[PDB]
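The chain that follows stands alone, in the form deposited in one PDB entry, written as structure tokens.
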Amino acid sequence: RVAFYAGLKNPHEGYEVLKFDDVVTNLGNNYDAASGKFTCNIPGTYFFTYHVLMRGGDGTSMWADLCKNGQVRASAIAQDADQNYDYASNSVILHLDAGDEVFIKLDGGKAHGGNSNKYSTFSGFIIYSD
């Protein structure tokens, strides 16, 4: 039983890993709010999905990619020339070995983080155990 869901509490920007630290669900305790990383304990096939809200007001574009051990497994862009809010979102199904890390990383731009409203999110669960 492994499943998690968390929101961004704070704004982040640039090329950093997103620390989703408004934790709603964390069965198995394999997601780490301090780092923003899911670290596999139970090897198997996993679903992950993410929804990152681009900060409105300036910068035009924002990129957010889902990485496995630092390697891109899905990418997303949010873009609006009038500086409107928009979302960078995607979903994956991956294999994870014990120790494998999964996280969302910015690749330019500004994401909003809201102190309780869970606009920007990250979730995942195990589909099959190896």
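Numbering starts at 1 and follows the sequence shown. Residues that one form lacks are left out of the comparison. If you superpose the two forms and keep the largest set of C-alpha atoms that fall within 1.5 Å, you have the rigid core.
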Should the higher mean CA B-factor in the entry be assigned to 96 to 104 or to 52 to 60?
52 to 60
Segment of higher mean CA temperature factor, 105 to 113 or 18 to 26
105 to 113
Say you rank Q71, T39, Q79, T45 by Cα B-factor from the PDB entry; which sits at the top?
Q71
Max C-alpha B-factor within the set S35, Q83, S75, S91 falls on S35
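There is another form of the same protein, the form deposited in another entry; it is not shown, and what comes next is about it.
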Which one of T49, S75, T39, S35 is the only residue whose C-alpha moves by 2 Å or more between the shown form and the other one, after superposing on the core?
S75
After the core is matched up, is the C-alpha of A64 off by 2 Å or more between the shown form and the other one?
yes
Can you list the runs, three or more residues long, in which each C-alpha shifts by 2 Å or more between the shown form and the other one once everything is superposed on the core?
59 to 81
